[PDB]
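In structure tokens, one chain follows: the form deposited in one PDB entry.
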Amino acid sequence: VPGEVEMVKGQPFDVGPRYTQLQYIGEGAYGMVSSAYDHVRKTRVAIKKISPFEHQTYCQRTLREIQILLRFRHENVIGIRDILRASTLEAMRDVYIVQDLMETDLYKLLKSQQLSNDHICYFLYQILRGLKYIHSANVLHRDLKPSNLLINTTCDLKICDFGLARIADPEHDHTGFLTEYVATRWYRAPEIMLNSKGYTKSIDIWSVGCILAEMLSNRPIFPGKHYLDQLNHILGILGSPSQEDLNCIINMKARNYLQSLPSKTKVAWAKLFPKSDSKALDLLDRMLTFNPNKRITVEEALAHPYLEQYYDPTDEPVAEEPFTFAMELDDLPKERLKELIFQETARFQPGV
């Protein structure tokens, strides 16, 4: 009963005999994710097809994702069940990451129903419980948003796609005005368009800040066409930055842009969100600060009263050891990255 190559969309998904009955799950600026029947574990799983190697940048992102996910182990973080790839370096064209199948994502859920303050609260907790574990290893997701937040029928939640993940390092965070980035625009912290590369845990807190407002209204906050517009959507709600708040902002252009913007007063949350728990609104406020230095940490957030029903310090594991990368890897020929990916996946080879 051979066959293999079922194709999701119009691309091959060579994962059989183990898995068959493939079904496209969705996007992935990264790779393509499908669901399939695992014949040994006799259960349906999710399997992402990554096809890098022809782009050094993709190679980097794929290697980081793999290396991190292979080393992480946490309930609110998606693990890797197996990794399929060619037994020959030369013949390896893509990598197949087999992961536990989740029913939906937070984005699909927000589009289908209005969450109760109870659901909103529980998902925030979980997101933060995973965030704590991730930050403990000094890792930054940098692309937290509704789609990267998988959820099952039992309301379980686990963080997604670490393709843009990197290690903190606030030493090389300054970058200059209007220096672009890859992460999803609607969730970019304001300092991203002003003077930051997003190399500090504060970048993750803002995103979660956006996600909370989102679960509270079933709509982005902050959309933005339109880079920069994004910067203006934020100021629209936060109001014009405080003096010393800048300021903190010595970047000629950044400081002048902000200066040329018509004064705008902050919009009370309880105003843009009438009928939402005050406890939740207070946390949000502390997550969406214009200044990254004043932004609430992942730990104080979990300790915030709105999560008091879930907060439990002896049941929110932390990373055993921090992580660090090259050291050269950023500037390295994509082929040498193919070897690292071929080595990192070695242990899953039914053979070598």
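One-based numbering along the sequence shown.
S.K.: Between 198 to 206 and 110 to 118, which has the higher average C-alpha B-factor in the PDB entry?
M.R.: Mean C-alpha B-factor is greater for 110 to 118.
S.K.: Identify the stretch, either 285 to 293 or 57 to 65, whose C-alpha atoms have the larger mean B-factor according to the entry.
M.R.: So the stretch with the higher mean C-alpha B-factor is 57 to 65.
S.K.: In this PDB entry, which of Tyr227, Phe123, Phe162, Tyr133 has the top CA B-factor?
M.R.: So the option with the highest C-alpha B-factor is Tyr227.
S.K.: Check the PDB entry and point out which of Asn148, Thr265, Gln99, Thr184 has the largest C-alpha temperature factor.
M.R.: If I rank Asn148, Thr265, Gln99, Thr184 by C-alpha B-factor, first place goes to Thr265.
S.K.: For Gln23, return the chain-relative third of its C-alpha B-factor as stated in the PDB record: lowest, middle or highest.
M.R.: It falls in the middle third of the chain.
S.K.: Would you mind ranking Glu180 by its C-alpha B-factor against the rest of the chain and naming the third, lowest, middle or highest?
M.R.: Answer is highest: the recorded C-alpha B-factor places it there.
S.K.: Split into thirds by Cα B-factor across the chain's modelled residues, where does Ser217 land: lowest, middle or highest?
M.R.: CA B-factor rank for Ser217: lowest third.
S.K.: For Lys49, return the chain-relative third of its C-alpha B-factor as stated in the PDB record: lowest, middle or highest.
M.R.: Its C-alpha B-factor, which the entry lists for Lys49, ranks in the lowest third among residues of this chain.
S.K.: State the tercile, meaning the lowest, middle or highest third, of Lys253 with respect to the CA B-factors recorded for its chain.
M.R.: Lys253: CA B-factor falls in the highest third of its chain.
Absent from the display: the form solved in complex with a small molecule. The rest refers to it.
S.K.: Identify, from the list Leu281, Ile167, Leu235, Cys248, the residue with a heavy atom within 4.5 Å of the small molecule in the entry with it bound.
M.R.: Result of the distance check: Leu235.
S.K.: Name the single residue among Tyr181, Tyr257, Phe177, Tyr227 that comes within 4.5 Å of the small molecule in the entry with it bound, judging by heavy atoms.
M.R.: Spelling it out, the residue with a heavy atom inside the cut-off is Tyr257.
S.K.: Taking any heavy atom pair closer than or equal to 4.5 Å as contact, tell me whether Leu261 reaches the small molecule in the entry with it bound.
M.R.: Yes, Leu261 is a contact residue.
S.K.: Using a 4.5 Å heavy atom cut-off, state whether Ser136 contacts the small molecule in the entry with it bound.
M.R.: No, no contact at 4.5 Å.
S.K.: Does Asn218 make contact with the small molecule in the entry with it bound, using a 4.5 Å heavy atom cut-off?
M.R.: Heavy-atom contact with the small molecule at 4.5 Å: absent for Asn218.
S.K.: Is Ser240 near the small molecule? Define near as a heavy atom within 4.5 Å, in the entry with it bound.
M.R.: Because a heavy atom of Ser240 falls inside 4.5 Å of the small molecule in the entry with it bound, the answer is yes.
S.K.: Among 185 to 193, 167 to 175, 202 to 210, 261 to 269, which stretch has residues with heavy atoms no more than 4.5 Å from the small molecule in the entry with it bound?
M.R.: Among the candidates, contact is made by 261 to 269.
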